[PDB]
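K.L.:
Provided hereafter are the protein sequence and its experimental coordinates.
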2 protein chains.
Amino acid sequence: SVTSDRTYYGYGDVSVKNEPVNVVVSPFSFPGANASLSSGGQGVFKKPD
Amino acid sequence: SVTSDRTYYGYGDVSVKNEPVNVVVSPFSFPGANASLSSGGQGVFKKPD
Ligand SMILES: [Ca+2]
Ligand SMILES: [Ca+2]
Ligand SMILES: [Ca+2]
């Protein structure tokens, strides 16, 4: 007696939470400790991490 | 839902404090002590430091 509207459903959800990367900074204080940078000087400074 | 502005930062500082050199002067009083410089005289005067 009923004319069914033939439509059933399925569903799902997608969760995009974080950003791809975290650029953790540990800044450099390049004259350093137990060192010295003078005017006109020339050299190299290294920070591994 | 958010469109991230994808920019992270890193930083560091450089410390140029001193001038390259210190010209310590210890002046000379060349007629010296226990010596004598006369008019028209000729000679040599030495200061090691
Ligand atoms: Ca993050
Ligand atoms: Ca140098
Ligand atoms: Ca100085």
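P.N.:
On my side now, so go ahead. Residues are numbered from 1 along each chain as shown, chains lettered A, B, ... in the order given. Ligands and ions are numbered 1, 2, ... in the order given.

K.L.:
and stretch A:7-23, how far apart are its ends?
P.N.:
Distance across stretch A:7-23, first residue to last, is 49 Å (C-alpha to C-alpha, to the nearest Å).

K.L.:
got the contact list for that stretch?
P.N.:
B:4, B:6, B:8, B:9, B:10 (C-beta atoms under 8 Å, 6 or more residues apart in numbering or on different chains). Where C-beta positions appear, they are placed from N, C-alpha and C, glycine not excepted.

K.L.:
and residue A:44, how many neighbours?
P.N.:
Look at residue A:44: counted by other C-beta atoms under 10 Å in any protein chain shown, it has 4 neighbours.

K.L.:
oops, could you answer that again for residue A:37 instead?
P.N.:
Neighbours of residue A:37 using other C-beta under 10 Å come to 16.

K.L.:
ok, residue A:36 next?
P.N.:
Around residue A:36 there are 12 other residues, counting by other C-beta under 10 Å.

K.L.:
ok so, going back, which of the contacts of stretch A:7-23 sits closest to ligand 2?
P.N.:
residue B:10 (25.3 Å; C-beta to the ion).

K.L.:
thinking again about what came up before, need the contacts of stretch A:7-23 in JSON lines with neighbour count, can you?
P.N.:
Formatted as JSON lines, the contacts of stretch A:7-23 follow (neighbours: other C-beta atoms under 10 Å in any protein chain shown):
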{"residue": "B:4", "neighbour count": "7"}
{"residue": "B:6", "neighbour count": "8"}
{"residue": "B:8", "neighbour count": "10"}
{"residue": "B:9", "neighbour count": "7"}
{"residue": "B:10", "neighbour count": "10"}
